[PDB]
$ cat start-v2.pdb   # PDB, C-alpha atoms and all ligand atoms
ATOM      1  CA  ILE A   1     123.578 128.397 111.325  1.00  0.00           C
ATOM      2  CA  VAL A   2     119.950 129.133 112.300  1.00  0.00           C
ATOM      3  CA  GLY A   3     119.075 129.415 115.992  1.00  0.00           C
ATOM      4  CA  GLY A   4     122.617 128.809 117.257  1.00  0.00           C
ATOM      5  CA  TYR A   5     125.054 130.862 119.328  1.00  0.00           C
ATOM      6  CA  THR A   6     128.272 132.832 118.858  1.00  0.00           C
ATOM      7  CA  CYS A   7     131.019 130.226 119.378  1.00  0.00           C
ATOM      8  CA  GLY A   8     133.621 132.637 120.723  1.00  0.00           C
ATOM      9  CA  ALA A   9     137.022 133.355 119.163  1.00  0.00           C
ATOM     10  CA  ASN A  10     139.026 130.239 118.209  1.00  0.00           C
ATOM     11  CA  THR A  11     137.025 127.813 120.431  1.00  0.00           C
ATOM     12  CA  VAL A  12     136.489 125.748 117.247  1.00  0.00           C
ATOM     13  CA  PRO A  13     140.135 125.648 116.034  1.00  0.00           C
ATOM     14  CA  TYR A  14     139.621 122.992 113.313  1.00  0.00           C
ATOM     15  CA  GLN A  15     136.996 125.089 111.473  1.00  0.00           C
ATOM     16  CA  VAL A  16     138.213 126.518 108.143  1.00  0.00           C
ATOM     17  CA  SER A  17     136.714 128.975 105.695  1.00  0.00           C
ATOM     18  CA  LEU A  18     137.019 128.177 101.984  1.00  0.00           C
ATOM     19  CA  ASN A  19     137.491 131.408 100.053  1.00  0.00           C
ATOM     20  CA  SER A  20     137.362 131.970  96.290  1.00  0.00           C
ATOM     21  CA  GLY A  21     137.225 135.786  96.424  1.00  0.00           C
ATOM     22  CA  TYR A  22     134.535 135.444  99.162  1.00  0.00           C
ATOM     23  CA  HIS A  23     133.571 132.818 101.765  1.00  0.00           C
ATOM     24  CA  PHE A  24     131.548 130.035 100.115  1.00  0.00           C
ATOM     25  CA  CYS A  25     131.973 126.881 102.242  1.00  0.00           C
ATOM     26  CA  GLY A  26     133.312 125.497 105.510  1.00  0.00           C
ATOM     27  CA  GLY A  27     135.803 122.694 106.101  1.00  0.00           C
ATOM     28  CA  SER A  28     137.624 120.794 108.851  1.00  0.00           C
ATOM     29  CA  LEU A  29     141.387 120.568 109.348  1.00  0.00           C
ATOM     30  CA  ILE A  30     142.288 116.914 110.002  1.00  0.00           C
ATOM     31  CA  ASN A  31     146.086 117.348 110.039  1.00  0.00           C
ATOM     32  CA  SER A  32     148.643 120.033 109.209  1.00  0.00           C
ATOM     33  CA  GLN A  33     148.258 119.652 105.427  1.00  0.00           C
ATOM     34  CA  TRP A  34     144.710 118.414 104.799  1.00  0.00           C
ATOM     35  CA  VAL A  35     141.147 119.727 104.967  1.00  0.00           C
ATOM     36  CA  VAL A  36     137.933 117.721 104.738  1.00  0.00           C
ATOM     37  CA  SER A  37     134.915 119.428 103.117  1.00  0.00           C
ATOM     38  CA  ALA A  38     131.864 118.642 100.941  1.00  0.00           C
ATOM     39  CA  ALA A  39     132.272 117.581  97.324  1.00  0.00           C
ATOM     40  CA  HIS A  40     129.420 119.975  96.412  1.00  0.00           C
ATOM     41  CA  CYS A  41     131.781 122.799  97.558  1.00  0.00           C
ATOM     42  CA  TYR A  42     134.256 121.940  94.826  1.00  0.00           C
ATOM     43  CA  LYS A  43     135.718 124.640  92.685  1.00  0.00           C
ATOM     44  CA  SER A  44     139.157 125.517  91.339  1.00  0.00           C
ATOM     45  CA  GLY A  45     141.265 128.237  92.985  1.00  0.00           C
ATOM     46  CA  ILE A  46     140.473 127.673  96.672  1.00  0.00           C
ATOM     47  CA  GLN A  47     142.280 129.513  99.465  1.00  0.00           C
ATOM     48  CA  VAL A  48     141.921 127.875 102.887  1.00  0.00           C
ATOM     49  CA  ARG A  49     141.557 130.275 105.850  1.00  0.00           C
ATOM     50  CA  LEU A  50     142.438 128.944 109.308  1.00  0.00           C
ATOM     51  CA  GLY A  51     142.196 130.548 112.768  1.00  0.00           C
ATOM     52  CA  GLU A  52     139.245 132.739 111.690  1.00  0.00           C
ATOM     53  CA  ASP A  53     136.552 134.224 113.895  1.00  0.00           C
ATOM     54  CA  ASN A  54     135.360 137.355 112.049  1.00  0.00           C
ATOM     55  CA  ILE A  55     135.795 136.437 108.379  1.00  0.00           C
ATOM     56  CA  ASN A  56     135.566 140.135 107.316  1.00  0.00           C
ATOM     57  CA  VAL A  57     138.346 141.493 109.662  1.00  0.00           C
ATOM     58  CA  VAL A  58     141.979 140.422 110.077  1.00  0.00           C
ATOM     59  CA  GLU A  59     142.289 139.866 113.852  1.00  0.00           C
ATOM     60  CA  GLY A  60     145.895 138.548 113.703  1.00  0.00           C
ATOM     61  CA  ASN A  61     145.590 134.776 114.341  1.00  0.00           C
ATOM     62  CA  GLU A  62     144.687 133.786 110.749  1.00  0.00           C
ATOM     63  CA  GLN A  63     146.638 131.628 108.311  1.00  0.00           C
ATOM     64  CA  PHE A  64     145.693 131.972 104.637  1.00  0.00           C
ATOM     65  CA  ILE A  65     147.004 129.006 102.607  1.00  0.00           C
ATOM     66  CA  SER A  66     146.332 128.122  98.976  1.00  0.00           C
ATOM     67  CA  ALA A  67     145.082 124.630  98.038  1.00  0.00           C
ATOM     68  CA  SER A  68     147.539 122.647  95.894  1.00  0.00           C
ATOM     69  CA  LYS A  69     144.976 119.990  94.972  1.00  0.00           C
ATOM     70  CA  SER A  70     141.412 118.854  95.588  1.00  0.00           C
ATOM     71  CA  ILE A  71     140.219 115.262  95.534  1.00  0.00           C
ATOM     72  CA  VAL A  72     136.549 114.612  95.195  1.00  0.00           C
ATOM     73  CA  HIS A  73     135.310 111.226  96.346  1.00  0.00           C
ATOM     74  CA  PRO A  74     135.323 108.885  93.269  1.00  0.00           C
ATOM     75  CA  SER A  75     131.627 107.939  93.749  1.00  0.00           C
ATOM     76  CA  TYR A  76     130.298 111.425  94.514  1.00  0.00           C
ATOM     77  CA  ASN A  77     126.886 111.858  92.903  1.00  0.00           C
ATOM     78  CA  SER A  78     125.933 115.512  92.588  1.00  0.00           C
ATOM     79  CA  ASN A  79     122.278 114.649  91.849  1.00  0.00           C
ATOM     80  CA  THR A  80     121.749 112.671  95.063  1.00  0.00           C
ATOM     81  CA  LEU A  81     124.702 114.151  97.080  1.00  0.00           C
ATOM     82  CA  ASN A  82     125.716 110.555  97.898  1.00  0.00           C
ATOM     83  CA  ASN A  83     129.420 110.546  98.971  1.00  0.00           C
ATOM     84  CA  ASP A  84     129.459 114.354  99.466  1.00  0.00           C
ATOM     85  CA  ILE A  85     133.064 114.491 100.649  1.00  0.00           C
ATOM     86  CA  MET A  86     136.278 115.947  99.301  1.00  0.00           C
ATOM     87  CA  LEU A  87     139.857 116.386 100.491  1.00  0.00           C
ATOM     88  CA  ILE A  88     141.844 119.581  99.981  1.00  0.00           C
ATOM     89  CA  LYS A  89     145.602 119.610 100.309  1.00  0.00           C
ATOM     90  CA  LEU A  90     147.327 122.814 101.461  1.00  0.00           C
ATOM     91  CA  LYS A  91     150.336 124.098  99.474  1.00  0.00           C
ATOM     92  CA  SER A  92     152.206 124.354 102.786  1.00  0.00           C
ATOM     93  CA  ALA A  93     151.603 122.919 106.253  1.00  0.00           C
ATOM     94  CA  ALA A  94     149.602 124.962 108.765  1.00  0.00           C
ATOM     95  CA  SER A  95     151.173 125.984 112.081  1.00  0.00           C
ATOM     96  CA  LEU A  96     149.181 124.146 114.740  1.00  0.00           C
ATOM     97  CA  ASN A  97     148.672 126.130 117.961  1.00  0.00           C
ATOM     98  CA  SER A  98     145.843 127.033 120.407  1.00  0.00           C
ATOM     99  CA  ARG A  99     143.836 128.836 117.704  1.00  0.00           C
ATOM    100  CA  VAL A 100     144.557 126.402 114.830  1.00  0.00           C
ATOM    101  CA  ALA A 101     144.313 122.674 115.615  1.00  0.00           C
ATOM    102  CA  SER A 102     143.335 119.395 113.873  1.00  0.00           C
ATOM    103  CA  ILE A 103     140.229 117.299 114.642  1.00  0.00           C
ATOM    104  CA  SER A 104     140.448 113.505 114.820  1.00  0.00           C
ATOM    105  CA  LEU A 105     138.762 111.116 112.432  1.00  0.00           C
ATOM    106  CA  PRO A 106     136.405 108.551 114.054  1.00  0.00           C
ATOM    107  CA  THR A 107     137.313 104.905 114.671  1.00  0.00           C
ATOM    108  CA  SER A 108     133.637 104.172 115.228  1.00  0.00           C
ATOM    109  CA  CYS A 109     130.349 105.646 113.960  1.00  0.00           C
ATOM    110  CA  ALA A 110     128.352 107.721 116.470  1.00  0.00           C
ATOM    111  CA  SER A 111     125.123 106.662 118.198  1.00  0.00           C
ATOM    112  CA  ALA A 112     121.619 108.069 117.715  1.00  0.00           C
ATOM    113  CA  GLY A 113     120.923 110.578 120.495  1.00  0.00           C
ATOM    114  CA  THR A 114     124.551 111.804 120.631  1.00  0.00           C
ATOM    115  CA  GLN A 115     124.773 115.616 120.917  1.00  0.00           C
ATOM    116  CA  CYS A 116     127.120 117.067 118.304  1.00  0.00           C
ATOM    117  CA  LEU A 117     128.620 120.486 117.616  1.00  0.00           C
ATOM    118  CA  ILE A 118     127.970 122.046 114.179  1.00  0.00           C
ATOM    119  CA  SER A 119     129.578 125.342 113.197  1.00  0.00           C
ATOM    120  CA  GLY A 120     129.883 127.852 110.384  1.00  0.00           C
ATOM    121  CA  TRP A 121     129.423 131.263 108.772  1.00  0.00           C
ATOM    122  CA  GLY A 122     126.253 130.365 106.873  1.00  0.00           C
ATOM    123  CA  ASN A 123     122.840 132.061 106.803  1.00  0.00           C
ATOM    124  CA  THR A 124     121.211 132.672 110.189  1.00  0.00           C
ATOM    125  CA  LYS A 125     117.588 132.946 108.929  1.00  0.00           C
ATOM    126  CA  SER A 126     115.094 130.190 107.957  1.00  0.00           C
ATOM    127  CA  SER A 127     113.277 132.867 105.949  1.00  0.00           C
ATOM    128  CA  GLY A 128     115.235 135.681 104.315  1.00  0.00           C
ATOM    129  CA  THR A 129     118.967 136.287 104.342  1.00  0.00           C
ATOM    130  CA  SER A 130     121.376 137.446 107.012  1.00  0.00           C
ATOM    131  CA  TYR A 131     125.012 136.291 107.043  1.00  0.00           C
ATOM    132  CA  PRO A 132     127.130 136.708 110.212  1.00  0.00           C
ATOM    133  CA  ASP A 133     130.721 137.872 110.346  1.00  0.00           C
ATOM    134  CA  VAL A 134     131.664 135.752 113.425  1.00  0.00           C
ATOM    135  CA  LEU A 135     131.571 131.942 113.700  1.00  0.00           C
ATOM    136  CA  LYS A 136     128.239 130.495 114.879  1.00  0.00           C
ATOM    137  CA  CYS A 137     127.728 127.204 116.716  1.00  0.00           C
ATOM    138  CA  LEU A 138     124.860 124.799 117.265  1.00  0.00           C
ATOM    139  CA  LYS A 139     124.406 121.729 119.461  1.00  0.00           C
ATOM    140  CA  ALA A 140     122.180 119.148 117.813  1.00  0.00           C
ATOM    141  CA  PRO A 141     121.453 115.418 118.318  1.00  0.00           C
ATOM    142  CA  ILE A 142     121.885 112.643 115.755  1.00  0.00           C
ATOM    143  CA  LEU A 143     118.385 111.418 114.857  1.00  0.00           C
ATOM    144  CA  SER A 144     117.436 107.755 114.432  1.00  0.00           C
ATOM    145  CA  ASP A 145     117.676 106.199 110.953  1.00  0.00           C
ATOM    146  CA  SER A 146     113.936 105.700 110.852  1.00  0.00           C
ATOM    147  CA  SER A 147     113.102 109.355 111.598  1.00  0.00           C
ATOM    148  CA  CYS A 148     115.793 110.464 109.067  1.00  0.00           C
ATOM    149  CA  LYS A 149     114.337 108.236 106.338  1.00  0.00           C
ATOM    150  CA  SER A 150     110.774 109.348 107.236  1.00  0.00           C
ATOM    151  CA  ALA A 151     111.762 113.030 106.898  1.00  0.00           C
ATOM    152  CA  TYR A 152     113.358 112.460 103.442  1.00  0.00           C
ATOM    153  CA  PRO A 153     111.645 109.417 101.819  1.00  0.00           C
ATOM    154  CA  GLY A 154     113.681 107.760  99.087  1.00  0.00           C
ATOM    155  CA  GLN A 155     116.579 110.249  99.536  1.00  0.00           C
ATOM    156  CA  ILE A 156     118.700 109.002 102.465  1.00  0.00           C
ATOM    157  CA  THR A 157     121.609 106.613 101.795  1.00  0.00           C
ATOM    158  CA  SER A 158     123.765 104.670 104.209  1.00  0.00           C
ATOM    159  CA  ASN A 159     126.360 107.424 103.694  1.00  0.00           C
ATOM    160  CA  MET A 160     124.098 110.068 105.228  1.00  0.00           C
ATOM    161  CA  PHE A 161     122.723 110.821 108.648  1.00  0.00           C
ATOM    162  CA  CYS A 162     120.302 113.367 110.033  1.00  0.00           C
ATOM    163  CA  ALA A 163     120.924 115.675 112.958  1.00  0.00           C
ATOM    164  CA  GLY A 164     118.901 118.523 114.364  1.00  0.00           C
ATOM    165  CA  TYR A 165     115.392 119.185 115.604  1.00  0.00           C
ATOM    166  CA  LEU A 166     112.164 117.859 114.085  1.00  0.00           C
ATOM    167  CA  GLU A 167     110.276 120.825 115.614  1.00  0.00           C
ATOM    168  CA  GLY A 168     112.471 123.168 113.507  1.00  0.00           C
ATOM    169  CA  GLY A 169     114.032 126.541 114.397  1.00  0.00           C
ATOM    170  CA  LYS A 170     117.618 125.205 114.772  1.00  0.00           C
ATOM    171  CA  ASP A 171     119.697 123.943 111.821  1.00  0.00           C
ATOM    172  CA  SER A 172     122.714 124.495 109.587  1.00  0.00           C
ATOM    173  CA  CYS A 173     122.096 126.448 106.396  1.00  0.00           C
ATOM    174  CA  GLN A 174     123.797 127.427 103.138  1.00  0.00           C
ATOM    175  CA  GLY A 175     127.217 128.862 103.644  1.00  0.00           C
ATOM    176  CA  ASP A 176     127.698 126.179 106.361  1.00  0.00           C
ATOM    177  CA  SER A 177     128.162 123.464 103.678  1.00  0.00           C
ATOM    178  CA  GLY A 178     131.395 121.516 104.088  1.00  0.00           C
ATOM    179  CA  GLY A 179     131.841 122.379 107.750  1.00  0.00           C
ATOM    180  CA  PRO A 180     132.157 120.057 110.734  1.00  0.00           C
ATOM    181  CA  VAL A 181     129.803 117.986 112.779  1.00  0.00           C
ATOM    182  CA  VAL A 182     131.860 116.909 115.819  1.00  0.00           C
ATOM    183  CA  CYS A 183     130.573 114.296 118.261  1.00  0.00           C
ATOM    184  CA  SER A 184     132.571 113.201 121.296  1.00  0.00           C
ATOM    185  CA  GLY A 185     135.648 115.026 119.943  1.00  0.00           C
ATOM    186  CA  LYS A 186     135.656 113.237 116.546  1.00  0.00           C
ATOM    187  CA  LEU A 187     134.610 114.478 113.103  1.00  0.00           C
ATOM    188  CA  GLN A 188     131.429 112.448 112.476  1.00  0.00           C
ATOM    189  CA  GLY A 189     129.772 114.541 109.800  1.00  0.00           C
ATOM    190  CA  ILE A 190     130.001 117.114 107.045  1.00  0.00           C
ATOM    191  CA  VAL A 191     127.303 119.727 106.439  1.00  0.00           C
ATOM    192  CA  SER A 192     125.730 118.463 103.183  1.00  0.00           C
ATOM    193  CA  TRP A 193     122.081 119.349 102.476  1.00  0.00           C
ATOM    194  CA  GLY A 194     118.511 119.753 103.713  1.00  0.00           C
ATOM    195  CA  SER A 195     115.167 121.089 102.547  1.00  0.00           C
ATOM    196  CA  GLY A 196     115.440 124.773 103.402  1.00  0.00           C
ATOM    197  CA  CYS A 197     116.868 125.556 106.824  1.00  0.00           C
ATOM    198  CA  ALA A 198     115.337 124.978 110.260  1.00  0.00           C
ATOM    199  CA  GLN A 199     112.019 123.829 108.714  1.00  0.00           C
ATOM    200  CA  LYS A 200     109.684 121.541 110.707  1.00  0.00           C
ATOM    201  CA  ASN A 201     110.254 117.819 109.974  1.00  0.00           C
ATOM    202  CA  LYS A 202     113.181 118.735 107.676  1.00  0.00           C
ATOM    203  CA  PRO A 203     116.415 118.202 109.675  1.00  0.00           C
ATOM    204  CA  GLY A 204     119.945 118.655 108.376  1.00  0.00           C
ATOM    205  CA  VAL A 205     121.512 115.816 106.410  1.00  0.00           C
ATOM    206  CA  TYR A 206     125.216 115.133 106.909  1.00  0.00           C
ATOM    207  CA  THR A 207     127.876 113.027 105.218  1.00  0.00           C
ATOM    208  CA  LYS A 208     128.680 110.052 107.420  1.00  0.00           C
ATOM    209  CA  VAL A 209     132.459 110.461 107.809  1.00  0.00           C
ATOM    210  CA  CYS A 210     133.043 107.061 109.531  1.00  0.00           C
ATOM    211  CA  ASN A 211     132.257 105.378 106.168  1.00  0.00           C
ATOM    212  CA  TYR A 212     135.218 107.185 104.535  1.00  0.00           C
ATOM    213  CA  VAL A 213     138.130 106.741 106.978  1.00  0.00           C
ATOM    214  CA  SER A 214     139.916 104.084 104.861  1.00  0.00           C
ATOM    215  CA  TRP A 215     139.587 106.216 101.735  1.00  0.00           C
ATOM    216  CA  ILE A 216     140.835 109.323 103.541  1.00  0.00           C
ATOM    217  CA  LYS A 217     143.818 107.470 105.053  1.00  0.00           C
ATOM    218  CA  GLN A 218     144.659 105.805 101.709  1.00  0.00           C
ATOM    219  CA  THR A 219     144.435 109.049  99.767  1.00  0.00           C
ATOM    220  CA  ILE A 220     146.475 111.117 102.216  1.00  0.00           C
ATOM    221  CA  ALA A 221     149.185 108.441 102.363  1.00  0.00           C
ATOM    222  CA  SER A 222     149.716 108.755  98.548  1.00  0.00           C
ATOM    223  CA  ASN A 223     149.196 112.475  97.705  1.00  0.00           C
TER
HETATM  224 CA    CA B 301     139.477 137.275 110.546  1.00  0.00          CA
END

$ encode --input "start-v2.pdb" --output "structure tokens"
Amino acid sequence: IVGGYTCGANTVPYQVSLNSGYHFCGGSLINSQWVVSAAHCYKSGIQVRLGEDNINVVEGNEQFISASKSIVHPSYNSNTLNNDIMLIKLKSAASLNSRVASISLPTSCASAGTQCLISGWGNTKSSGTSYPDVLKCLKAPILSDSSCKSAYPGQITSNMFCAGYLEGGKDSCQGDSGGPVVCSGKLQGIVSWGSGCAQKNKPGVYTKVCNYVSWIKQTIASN
């Protein structure tokens, strides 16, 4: 997260870290046994880490749970990042408490202008590299369709939305991929892609979660 703030310990209790020897992506806990992330974050041998603030220090509220299976959306296109969504099932159920909690799926898509909360452990610089140890947060609005499509001509599908600031300086970045975009207390987006980070006229592009609720509910009810 570029140009954001320190969230504060366990004030984002649905945020997970995906670890394969090292943190590589975020995710969102949607119930005791399931995590939503980005399909582009797929790899085998994922450990999910819940209740994290400093990802480099055990502070005592963490739960480290292996993934039993991963289900990439059947229409995910890694060239276009269309349908950049994946479900990860935990080998055992998380203990839900004040520091580890699930986020609701949306019943409705969110409106342009809505301020959303985006979080993660990704890069904090738009030029150069500096990764944080503690969870960073950003408030950003959902941009209109027309300004999204103008920023990324011929690249935005109906399964994508833009959020952030056209002036630049504030954005998600790599290492944030897979993490949550929460608007009015519902998971509305997944950190997916963008051209650089926090660049002028190049806002973040997010997977539009409200398009996938049936698929999520179907898949979880059968796996
Ligand atoms: Ca920790």

$ closest_residue --input "start-v2.pdb" --among "A:162, A:72, A:110, A:46" --to "residue 206 of chain A" --atoms "only C-alpha atoms"
A:162

$ atom_distance --input "start-v2.pdb" --atom1 "atom CA of residue 171 of chain A" --atom2 "atom CA of residue 113 of chain A"
16.0 Å

$ residues_near_point --input "start-v2.pdb" --point "(123.0, 115.6, 119.2)" --cutoff "8 Å" --atoms "only C-alpha atoms" --output "PyMOL selection string"
chain A and resi 112-117+139-143+163-164+183

$ residues_around --input "start-v2.pdb" --residues "segment 189-203 of chain A" --least-positions-apart "6" --cutoff "6 Å" --atoms "all atoms listed in the file" --output "ChimeraX atom specification"
/A:126,151,164,166-171,173,177-181,209

$ atom_distance --input "start-v2.pdb" --atom1 "atom CA of residue 95 of chain A" --atom2 "atom CA of residue 39 of chain A"
25.4 Å

$ resolve_selection --input "start-v2.pdb" --expression "the PyMOL selection byres (((not hetatm)) within 9 of (chain B and resi 301))" --output "CSV table (one decimal) with C-alpha atoms, in the coordinates of the input"
chain,number,residue,atom,x,y,z
A,49,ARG,CA,141.6,130.3,105.8
A,50,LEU,CA,142.4,128.9,109.3
A,51,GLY,CA,142.2,130.5,112.8
A,52,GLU,CA,139.2,132.7,111.7
A,53,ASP,CA,136.6,134.2,113.9
A,54,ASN,CA,135.4,137.4,112.0
A,55,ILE,CA,135.8,136.4,108.4
A,56,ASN,CA,135.6,140.1,107.3
A,57,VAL,CA,138.3,141.5,109.7
A,58,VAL,CA,142.0,140.4,110.1
A,59,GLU,CA,142.3,139.9,113.9
A,60,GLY,CA,145.9,138.5,113.7
A,61,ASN,CA,145.6,134.8,114.3
A,62,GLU,CA,144.7,133.8,110.7
A,133,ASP,CA,130.7,137.9,110.3
A,134,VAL,CA,131.7,135.8,113.4

$ atom_distance --input "start-v2.pdb" --atom1 "atom CA of residue 214 of chain A" --atom2 "atom CA of residue 103 of chain A"
16.4 Å

$ residues_around --input "start-v2.pdb" --residues "residue 27 of chain A" --least-positions-apart "2" --cutoff "7 Å" --atoms "all atoms listed in the file" --output "number ranges by chain"
A: 15-18, 25, 29, 35-37, 178-180

$ residues_near_point --input "start-v2.pdb" --point "(126.0, 127.6, 107.1)" --cutoff "6 Å" --atoms "only C-alpha atoms" --output "PyMOL selection string"
chain A and resi 1+120-123+172-177

$ closest_residue --input "start-v2.pdb" --among "A:101, A:30, A:137, A:216" --to "residue 8 of chain A" --atoms "all atoms listed in the file"
A:137

$ closest_residue --input "start-v2.pdb" --among "A:71, A:109, A:100, A:220" --to "residue 88 of chain A" --atoms "only C-alpha atoms"
A:71

$ axis_aligned_box --input "start-v2.pdb" --around "segment 123-127 of chain A" --padding-each-side "5 Å" --output "AutoDock Vina command-line options"
--center_x 118.1 --center_y 131.6 --center_z 108.1 --size_x 19.6 --size_y 12.8 --size_z 14.2

$ closest_residue --input "start-v2.pdb" --among "A:75, A:218, A:129, A:188" --to "residue 111 of chain A" --atoms "only C-alpha atoms"
A:188

$ residues_around --input "start-v2.pdb" --residues "residue 33 of chain A" --least-positions-apart "6" --cutoff "8 Å" --atoms "only C-alpha atoms" --output "PyMOL selection string"
chain A and resi 89-94

$ write_last_selection --input "start-v2.pdb" --atoms "C-alpha atoms" --output "compact mmCIF listing (two decimals), keeping the file's coordinate frame"
# COMPACT_ATOMS: atom_id res chain seq x y z
CA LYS A 89 145.60 119.61 100.31
CA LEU A 90 147.33 122.81 101.46
CA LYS A 91 150.34 124.10 99.47
CA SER A 92 152.21 124.35 102.79
CA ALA A 93 151.60 122.92 106.25
CA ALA A 94 149.60 124.96 108.76

$ build_atoms --input "start-v2.pdb" --residues "segment 146-159 of chain A" --atoms "N, CA and C atoms" --output "compact mmCIF listing (two decimals), keeping the file's coordinate frame"
# COMPACT_ATOMS: atom_id res chain seq x y z
N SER A 146 115.32 105.79 111.27
CA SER A 146 113.94 105.70 110.85
C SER A 146 113.33 107.10 110.74
N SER A 147 113.62 108.00 111.70
CA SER A 147 113.10 109.36 111.60
C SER A 147 113.81 110.18 110.51
N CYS A 148 115.07 109.85 110.19
CA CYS A 148 115.79 110.46 109.07
C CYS A 148 115.13 110.09 107.73
N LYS A 149 114.91 108.78 107.55
CA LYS A 149 114.34 108.24 106.34
C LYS A 149 112.88 108.67 106.18
N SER A 150 112.14 108.83 107.29
CA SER A 150 110.77 109.35 107.24
C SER A 150 110.74 110.82 106.81
N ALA A 151 111.73 111.61 107.22
CA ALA A 151 111.76 113.03 106.90
C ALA A 151 112.05 113.23 105.41
N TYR A 152 112.89 112.34 104.82
CA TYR A 152 113.36 112.46 103.44
C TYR A 152 113.20 111.12 102.72
N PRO A 153 111.94 110.68 102.48
CA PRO A 153 111.64 109.42 101.82
C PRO A 153 112.33 109.25 100.48
N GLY A 154 113.00 108.11 100.32
CA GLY A 154 113.68 107.76 99.09
C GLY A 154 114.93 108.60 98.81
N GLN A 155 115.42 109.38 99.78
CA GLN A 155 116.58 110.25 99.54
C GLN A 155 117.78 109.98 100.45
N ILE A 156 117.64 109.17 101.49
CA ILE A 156 118.70 109.00 102.46
C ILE A 156 119.46 107.71 102.18
N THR A 157 120.79 107.80 102.00
CA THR A 157 121.61 106.61 101.80
C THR A 157 122.31 106.25 103.10
N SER A 158 122.99 105.12 103.07
CA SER A 158 123.76 104.67 104.21
C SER A 158 124.99 105.55 104.43
N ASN A 159 125.23 106.52 103.53
CA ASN A 159 126.36 107.42 103.69
C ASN A 159 125.93 108.78 104.25
